[PDB]
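**Student:** Before I ask anything, let me first share the structure, which is written out below as structure tokens.
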Amino acid sequence: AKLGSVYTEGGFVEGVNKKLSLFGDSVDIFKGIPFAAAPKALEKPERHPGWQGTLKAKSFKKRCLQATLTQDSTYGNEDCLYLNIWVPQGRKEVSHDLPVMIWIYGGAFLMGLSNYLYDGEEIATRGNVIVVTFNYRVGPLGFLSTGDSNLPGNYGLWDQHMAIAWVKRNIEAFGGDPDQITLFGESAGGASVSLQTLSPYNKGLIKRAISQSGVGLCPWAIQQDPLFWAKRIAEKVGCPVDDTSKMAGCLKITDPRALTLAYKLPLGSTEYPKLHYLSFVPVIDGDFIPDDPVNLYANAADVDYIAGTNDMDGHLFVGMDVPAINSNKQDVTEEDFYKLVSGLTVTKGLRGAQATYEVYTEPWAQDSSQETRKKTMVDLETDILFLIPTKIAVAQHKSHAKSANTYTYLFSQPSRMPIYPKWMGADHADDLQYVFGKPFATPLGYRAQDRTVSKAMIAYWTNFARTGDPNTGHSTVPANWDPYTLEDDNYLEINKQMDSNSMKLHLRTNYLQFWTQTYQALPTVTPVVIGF
């Protein structure tokens, strides 16, 4: 069986059908379906006008404007609000009531086909679920804000919400169950997933959610001072910074490609960690995000939730702050480490920096090797940027959850990157190739253990999407994943060895204690994509 032309709110769409076996199995692939009219710079998205005939949804549309780490040219196009769908099909009849997984992924900066992480075929077919990938506005075009009416901000979030509302209204025609939507995404997408479940705008739309290395409680997920950054990029492009209204009007009119290129990620030595410069992110606009995310968990009370991080999630970032971490030739001193912590602890000044340098150097047993120091730098950023906020998000979700499940994991499959050190664990986004089944899609570049991890991850993910329990659904699982409880703080460690010892307890509880107890008590003084 195969869908023909599917009716959507704006008209008919037609994709392609890829035969998967002699059994008559296949997968219906739709690419380039608009979920909104091409967006006006810095304005909320609107419904796409109706069209006659059949929209040929046979190829990926350009994604929104973004740039690479070199930041010399832009990629994408402003006209980018399109989505893609994969519908696994059986023999007798087209699929119906299938779980719907919406992948939220996108960033202002890419480091490395470009639609590698936008193809949901492996996931949809191995897990028997519908996968929807789409594009949303990123960087300044997606998140510029003046902190007021002149430019409320959160455009990329509105775009995501638009895609979600569209899937809710139209996925049934594709064979999906509108009441079984699972949002999943990593990094900014992960924080986005979190933010979407917390926004009152998504009431009744989301069933479950998966945050991979990113939650709305992450420090880098909410910009506390958007006006400061709005003014900076504005002045950089020749706009009036005198009054917000005129500045906003100018930003809406300036060249989108120049505006995009004006968003710089300083790779040269800086006083603050790189993450400080990834300023164009969501803001508490009192609308889409009506309050600080931590106070919005009642909105996700009935949303099943899986949130997790990677072994060395912070490696990618700290390696930009301290490049010597990756070099076996160059060394790192206690000074370099103190400088790193001070930059990360500005809010609590010298005391905060001292308390932090102390705790993280305690395990050095005053005779630390280079590998030890570099590993500690990675742990520091992994903790602050991902582990800790995820731990409290998971905890907050469990505590407020009503009829919703809460699970947490630690992805620790060691990096295969030759450039990085031998002791390297799972870096930021390393989980993606497994979640997206690349060891199967593109086998020749992978080993048996990679297929094992991928199989396990897609299984857990798609099972969760179907039942709200990673253990049950369309796939068998290599290990029992127990739901997270506050008392036990249990998590599944995902890697090539999934066995009886896979469920672990209390991950870095001492560090969680430091940050939430010690640190917070101190007085306040002052092909991967990153950023929102």
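Throughout, chain A uses Swiss-Prot numbering, with the displayed residues spanning 19-130, 138-551, 592-597 in order.
Looks like X-ray crystallography, 1.6 Å, at least that's what the header says.
Cβ coordinates are placed from backbone N, Cα and C, and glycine is handled just like the others.
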**Student:** Could you identify, going by Swiss-Prot, the member of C82, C243 that forms a disulphide bond with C98?
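**Tutor:** Answer per the record: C82.
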**Student:** Tell me which of the recorded positions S212, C264, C275 ends up closest to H453 (active site, charge relay system) in space, Cα to Cα.
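**Tutor:** So, of the listed recorded positions, the one sitting closest to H453 (active site, charge relay system) is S212.
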**Student:** With a 10 Å radius around each C-beta, find which of these disulfide-bonded residues (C82, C98, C264, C275) has the fewest other C-beta atoms nearby.
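**Tutor:** Relative to the other disulfide-bonded residues in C82, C98, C264, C275, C275 has the fewest Cβ atoms within 10 Å.
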**Student:** Given 7 residues with no model between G130 and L138, what whole-number C-alpha distance in angstrom do these ends have?
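**Tutor:** Roughly 11 Å, rounded to a whole number, separates the two Cα atoms.
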**Student:** With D338 (active site, charge relay system) as the reference Cα, tell me which of the recorded positions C82, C98, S212, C264, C275 is the closest one.
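**Tutor:** Of all the candidates listed, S212 is nearest in space.
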**Student:** Mind telling me which of the active-site residues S212, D338 has the densest Cβ neighbourhood, counting other Cβ atoms within 10 Å?
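**Tutor:** Of the active-site residues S212, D338, the highest Cβ count within 10 Å belongs to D338.
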